[PDB]
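Colleague: pasting the structure only:
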Ligand SMILES: Cc1cc2nc3c(=O)[nH]c(=O)nc-3n(C[C@H](O)[C@H](O)[C@H](O)COP(=O)(O)OP(=O)(O)OC[C@H]3O[C@@H](n4cnc5c(N)ncnc54)[C@H](O)[C@@H]3O)c2cc1C
């Protein structure tokens, strides 16, 4: 109502007048910090450098690291802004001061002292131990015992504390009603593998530590608040809160954060309230807007997910007022902490509490330490119940927090910045955000929508979590079939059968595969050759349409197709779903690529002449596919050849033949003309060379081992009698991929990314990291954390989402990988070797081996398993040299925050796909066109804009258009 | 001059007034011709179809041919325009087309012509008689044309005595108007010599002069007038010289005329020179001043060769030019008799008033118009001046087609005075405006201009004609040198020397070439490998700059570099120059292509992430080059490898090793860093496999024979120890190229294009036509004309421009080609075999063999010499089948005017470069990217937008830009 609004605006106006002139420290341009923040708000390029420098700063531990990074981020001393070895001391001290702005101490004992001082100034606190996204069980224990230690200290002191002044009640309690000891805990700091993919396991592990903390909290009648973090963990955290609450249904001092910036929150808050009523318990909510807005937006768009946050700032403000109102309406069962620095927001809560006549012991106000000082003073004066969020700890564990503060204070849409950095437009600042919302909503090829990668599986969703076990079960009702060849549109059975089994459980037979002899392979090639002329003459637009149809067919079977892979080749849930989406991506991308390349282009501009340049297919393509990306790679190579006008004879890998059969199913459903796609699984020793040597073959697409690929290249180079063309070769032959960890690397990112690159899908990826090359100065520290996280992971059946990795492809892979592991143990020193499950299954321990140098076999030879080599580089030059020391050059990674070292790696770390500050696997179509040279391939990049040309050859038609001195004028003619 | 101008306008106004609205027959919408033209003028698509149909019509000699072409040009009966309605359709259309041919032609034969001329005299018109024909194909045809004039003159000789003189104001009563000879004929010089070409300036003049003289003696015998028509700019200087010489042999004889074309920029000077020349020699001349008949042709032809357009490009400029020059002629009436040849009323009025103002005697100027055109204008002249002469051509439709289509173009052009006056209802004041007034009123990327092909040699220029013999003599002062290897910026000499000689005169030794052993090759490879890292790291823009410098260096030495080729490998003057310009083109094009490809593309649009896609070189490239395009292909392959950042070891063909040395000279002058380019001529039998097999070679660019190409492909496929990359193969392996001569083909165009395709440079081109496939129905006539033109050509030293072709490359080639000729002579039957010069030289006769079928060797094997197979196809489908019957697919041609047959060819005649209605050689950079598949190559096209990528491999750098939940927003980002 406009009546409540008026009272709110008028209260905001009084809040501002009582604050007149007083600015927050961060906006005081008479101190270094205010000058630095000011220039960051005025110069975006400078903000980016300063903020990144702050992040890397605590890792700059030598005089060399500091001096060089300063110059790389701020340029020469004669070139920096005026407010910016002496240079080292000046910057260090200023940056250190900026860090302690937001912390009440580095240590527990320091924190307690400073906390006891804040009470004397009249301030309550909620204490947080700085830390998040823990990397190991041992780290989670340190975090847990720190709270235990903190609570012991506070227990011994709270008895001596006078309760903060109030309107009455218990003088031993704060304001007469609030427990004097109040702490906040970050759930992800309690379990290093927190992941909604393993929902139940994440909840339990976190719950068990939270319960241990909660028990100590309750002993001193304290308050525990459970912080909310990134959207990825919101449902996990809600469930932790509910279970703990029900375990102690009568204990009222337990709170949960709810983030008004989430679209989910209107429902989440309704649900929680209804839940509390249903169970006859009381709850407490700290309502916040949200701390991870940029991250959530970015992460959502990188995965083609719904962005979980509102995208207009005033919508979070409007949501907050809505939800606060709802909470206050429900004050009988829901205690309320208002957590905002926004004077409009605060004034709104205050008026709503008055309008709903809410008792004062049912709501309090909270702000972050070091921030919005006058706002905080205003709250203290006018309401009297102010609690400071007071975090403590060191700069590296606190970095995420600290950077979030600088973001928060300097964002364009920051209420604080708009109030205290720009000429404050008080009326605009205090307007009902709903009105603001409505006004800003007011302001805001070939018929095909442009390409977008298919949405990734999203385990924050209940239905996605439930989908896998259901579809795995459904696949199990359909095992035991005999799969035939598919030639010229017909099923062809043979006598030679090879069973395909579950690698995590070999006694489970999934089906039997007919093998084609050379007679059937010959038939398929002949079928292909016969279908060719009509296919080649089919319009590129029509050909692309079949791919589009096949993509819709696949999209509709996404979870079913994934489940088959989970069982047949031992893909983890995410790995399986990613394999199918990539297949879909290839279909959609190559469709568009053929449509683009399908139209003849006029070349040259001379008059009286028309030159058209255009492409044509080659003929019969042999597609020889690997087992490790059984749908994605197969479909990529086959659809590529098919859309470009060729016809395909396709040999799937034996152990993934059912996945190969999925191509048959999809192209069938798309109505593909007979003979255009043929499925001929067979024994390579029987029909391998035959397929490659055949004179009717014009193109060979292959992915697999270097040995095989190089043999194919050599044999295909011969022109046999009758062979119309020199055989085109598309080969991808794997790698020995390294990630370099520079001495300034962010280890909290580096460690889990390295672990995933190495052991995701048991390391069975051409792209997998099999070498981590670590700079001398961070070696011991990085290695300890890597091994520590590794020890937390579990090896077991891929159908169980609690397992990090599982059995390798087949027994041959197991025997060969184990031999490599033994060689590695003699060359270096084992750092970690995981347990494996007892009994059947092709299990190889997750294995990390140190002491490795370029001369070693496991530093050179592709193992294609869960064996990671760790190599100690003396400096960054050697790290680069070592990275380039194999005969492969497929992928590579580097964790570094030195612009110079990154610039050097971009130039000199010459792999087909180099990744900076993330894992070196998970290449997406269009975004990361995939493939390398040297012994890794012939420089063809799947999923990119040069790929389709490899399956075709260009032709030019030149026409003399002049007849008897008369030529037609064309639009783009050079004329006069 | 406003006073003169006012008389002119007023006189024009009376002229239009006296016309009384009458329209010339072609603009009479009452008749079919008027309707056809009116609709052609309103609908450009119809115009194109109608004009092309008229062109092909006289060759539709059977009912099916006719019926089919009608449907193909105009569609089914029910869809074509009303005036086209009524095989009956064949009869109606035939009838209308014949009538429109008779509009512009006074008859088909001499006798018919004579009778119709007398009828015109009776109506008051004089005549200048022309025998339809131009651009003759043989001596036999030139003789037929000459004898037709002689026959014509004998007939008029007997008749003229009976003719009463046309009425005049005074003079001799036995002469027309009292002063003009009754017999006036016009002759086209290019109808008198089939090889008329300023490249053979003197030989062309003499041949034409010799026939012109015989005609002229007969003309003088009856006291007649002879006018020499002017044709395309290519022959203008030749025709002028022919006139000068004839005039001087008969300085007494006043009745010899010459056409000058006011649409030429040269014409002001040409008229001035001719006038002065006449004064210096004390002789009188006669000039028929015209604007010009070949405007579109000249514009197109100049643009296609990057020549200066010889014509004004604003129509009013030709008009203003005409008035200037006319005035100058009238002022010089003492020595220059004037024929005003124009249908433009403004022009005519200008001449008339200018002649009255200068009081020119009426016996010094007369008016002329084309028969069948501008009827009311023609009658207007008769009434006002009395002295009007019709240009009256005669002959058949095929010989008359050029003339006829010129008339259609002339009456229908947007800029046509007749169209504006009689179709477009233009304002008279505007039509009569001083054209000088009209003239006044009507008047790249990376800092680099867009690519343009280098200007071709232009032998209409006297300095160009004179340049060749002088540079050849200069080259002869440079003979006898020893050419060393060039390695790492140093000259390396070996003691194994091979002489290179003049193939047209083997006793002339051009120099001695050092041969590289395997030792020096290895040194070259090692030097390239060592220069590679710094070259690879050189800015692509900087790399391109070296190519541009090399281009500039070559452009300065164009004639010199050309002369070397004339002597060393026996290129003809134009062939040599075109080789050098093509080298320059590769340099300019590939520079620009590298600048385009050298900038990294952001790929994908996900935020928090940057993917950059870019290209890197491979390493050391072996360039193995042919002798047949010794600068062009060499510079092509090498500069491509170089600009993309590879280093080159270059093996020129032994017999063109000096041309190879030009690359050393050009790259030296460009300042290319040492080791980037190395020159190692050597014995294939010594260092061939060694260069190809070397572990440090990453790429091999080869152009030459299939046998060697396939050998290289096979050997390169093996990966030796130490070999970093799978060898990239770029191979161009020749062709067995056919041209199809369809039964509706324009034979006047086909014959000389086939001859040139087969015998240009002795047939030593991969692109050369070695098979001409001719439809049953035109075979005998095509062959007669082809053999007749061949017989006209002379075989001899390429330094003498009079020769069509000369000796082949070397002794081995001479013997091998001759064996093939003998093979062909036993498979088929010899149709033509030229004389060759006596004595020294590697001469092989220009040879044509008929009776050839697909199963014959010389229908399959590439001969690479002046041996043409003639094949007789039963129908179009067999022609296509036969065209596709070899293992090669490089180039191809088709002469046809059937939309369906062309479409079938575009689809089914699957060669790398297909040419419609022109020769299949002389592909230009950009306009015709050159190369094919099958046994002709591996689908790489030099001079095209896909070429550079073959010398590189793609790389992607993917960067996670988010730090601590903060990422910079980019422009191309998908956001909110
Ligand atoms: C004591 C306390 C505890 C907190 N605990 C947590 C926690 O456990 N988890 C958590 O996630 N947050 C938490 N927060 C909130 C977060 O740390 C910020 O302090 C808060 O979001 C800023 O809101 P505001 O009213 O102070 O400032 P404002 O300037 O009013 O609000 C800024 C907020 O708007 C939102 N926003 C910014 N841009 C947009 C946009 N384009 N579209 C939509 N919304 C936008 C963001 O949430 C941003 O934080 C807590 C805050 C306090 C004071």
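Modeller: That came in fine, so what should we check first? Residues are numbered from 1 along each chain as shown, chains lettered A, B, ... in the order given.
Colleague: can you give me the end-to-end distance of stretch A:650-662?
Modeller: One end of stretch A:650-662 to the other measures 12 Å (Cα to Cα, to the nearest Å).
Colleague: Same check on stretch A:504-520?
Modeller: 33 Å.
Colleague: and if you look at stretch A:627-647?
Modeller: With Cα to Cα as the measure, stretch A:627-647 spans 22 Å from end to end.
Colleague: Centre-most residue in chain A?
Modeller: Most central in chain A under Cα atoms, centre = their mean is residue A:299, positioned 6.5 Å from the mean C-alpha point.
Colleague: Report the contact partners of residue A:308.
Modeller: A:231, A:262, A:263, A:264, A:296, A:300 (Cβ atoms under 8 Å, 6 or more residues apart in numbering or on different chains). In this view, the C-beta of every residue, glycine as well, is placed from N, C-alpha and C.
Colleague: before we move on, the earlier item: ok, the residue nearest to the centre of chain A - contacts?
Modeller: Counting by Cβ under 8 Å, 6+ apart, residue A:299 has contacts A:230, A:231, A:232, A:305, B:608.
Colleague: quick one, phi/psi of the last one?
Modeller: The reference is to residue B:608. Main-chain dihedrals, residue B:608, degrees, to the nearest 10: phi 70, psi 10.
Colleague: Stretch A:428-436 close to the ligand?
Modeller: No: using Cβ under 6 Å from any ligand atom, we find that stretch A:428-436 stays clear of the ligand, coming within 9.2 Å at best.
Colleague: re the thing from before, out of the contacts of residue A:299, which are close to the ligand?
Modeller: Of those, not one also sits near the ligand (Cβ under 6 Å from any ligand atom).
Colleague: and which of these is nearest residue A:268?
Modeller: Residue A:268 lies nearest to residue A:231 out of the contacts of residue A:299, by Cβ to Cβ, at 11.3 Å.
Colleague: Chain neighbours aside, what residue packs nearest to the closest one?
Modeller: residue A:308 (4.5 Å; Cβ to Cβ, 6 or more residues apart in numbering or on different chains).
Colleague: same deal with residue A:725?
Modeller: Residue A:725 sits nearest to residue A:698 (Cβ to Cβ, 6+ apart), 4.5 Å away.
Colleague: So what touches whichever strand or helix holds the one you found?
Modeller: Taking DSSP states H and E as the criterion, residue A:698 maps to strand A:697-703. With contact meaning Cβ under 8 Å, 6+ apart, strand A:697-703 is reached by A:525, A:618-626, A:629, A:633, A:637-638, A:640-641, A:646, A:649, A:691-692, A:708-709, A:712, A:716, A:724-725, A:727-733, A:766, A:951.
Colleague: what are the phi and psi angles of the residue nearest to residue A:231?
Modeller: Main-chain dihedrals, residue A:308, degrees, to the nearest 10: phi -80, psi -20.
Colleague: before we move on, what about residue A:285?
Modeller: Given degrees, to the nearest 10, the pair of backbone angles that residue A:285 has is phi -120, psi 130.
Colleague: my guess is it contacts residue A:255, does it?
Modeller: Yes: under the criterion of Cβ atoms under 8 Å, residue A:285 makes contact with residue A:255 at 6.4 Å.
Colleague: and residue A:474, that's in a helix?
Modeller: Yes: Residue A:474: assigned to a helix according to DSSP: H, G, I helix; E, B strand; the rest coil.
Colleague: Name the nearest residue to residue A:907, sequence neighbours excluded.
Modeller: residue B:537 (7.1 Å).
Colleague: Write out the residues of chain A neighbouring the ligand.
Modeller: Close to the ligand, as judged by Cβ under 6 Å from any ligand atom, chain A has residues A:227-228, A:257, A:259, A:261, A:288-293, A:309-313, A:315-316, A:339-342, A:345, A:366-368, A:389, A:408, A:413-416.
Colleague: hmm, back to that, show only the entries of the contacts of residue A:299 found in strands.
Modeller: Using DSSP state E, no member of the contacts of residue A:299 sits in strands.
Colleague: Same list (those residues) but as TSV, adding neighbour count.
Modeller: As requested, the contacts of residue A:299 are exported to TSV (neighbours: other Cβ atoms under 10 Å in any protein chain shown):
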residue	neighbour count
A:230	19
A:231	24
A:232	20
A:305	17
B:608	24
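Colleague: still on that earlier bit, just the contacts of strand A:697-703: which are in strands?
Modeller: Those of these lying in strands (DSSP E): A:620, A:621, A:622, A:623, A:624, A:649, A:728, A:729, A:730, A:731, A:732.
Colleague: out of those residues, who's nearest residue A:96?
Modeller: residue A:732 (49.9 Å).
Colleague: who does that closest one bridge with?
Modeller: residue A:703, residue A:937 (DSSP bridges).
Colleague: Share the number of residues neighbouring it, please.
Modeller: By other Cβ atoms under 10 Å in any protein chain shown, the residues close to residue A:732 number 26.
Colleague: close to chain B, is the helix ranked longest in chain A?
Modeller: What stands out as the longest helix in chain A, according to DSSP state H, is helix A:573-597. No: interface with chain B: helix A:573-597 contributes nothing (Cβ under 8 Å from any Cβ of the partner chain), its closest point being 10.8 Å away.
Colleague: helices or strands next to that helix in the packing?
Modeller: Applying 3 or more Cβ pairs under 8 Å, 6 or more residues apart in numbering or on different chains; DSSP states H and E, one finds that helix A:573-597 makes contact with helix A:540-556, helix A:558-568, helix A:632-643.
Colleague: Might you name the residue of the stretch 401-550 of chain A sitting closest to the ligand?
Modeller: residue A:415 (3.4 Å; Cβ to the nearest ligand atom).
Colleague: hang on, the earlier thing: which PyMOL command selects the buried ones in the contacts of residue A:308?
Modeller: Selection of the buried residues among those in PyMOL, burial being defined by 16 or more other Cβ atoms under 10 Å in any protein chain shown:
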select buried, chain A and resi 231+262+264+296+300
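Colleague: Distance to residue B:453 for the contacts of residue A:308 - can I get that in TSV?
Modeller: Listed next are the contacts of residue A:308 as TSV, based on distance: Cβ to Cβ, whole Å:
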residue	distance to residue B:453
A:231	60
A:262	63
A:263	61
A:264	64
A:296	56
A:300	52
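Colleague: Among the contacts of residue A:308, which pair sits farthest apart?
Modeller: Using Cβ to Cβ, the contacts of residue A:308 span at most 12.7 Å, a distance reached by A:264 and A:300.
Colleague: Might you report the residue contacts of residue A:87?
Modeller: Here residue A:87 is in contact with A:67, A:70, A:77 (Cβ under 8 Å, 6+ apart).
Colleague: Same question for the strand or helix carrying it: list its buried residues.
Modeller: In the assignment (DSSP H and E), residue A:87 maps to helix A:86-100. Neighbour-count burial for helix A:86-100 flags A:91, A:94, A:95, A:98, A:99 (criterion: 16+ other Cβ under 10 Å).
Colleague: Great, nothing more from me.
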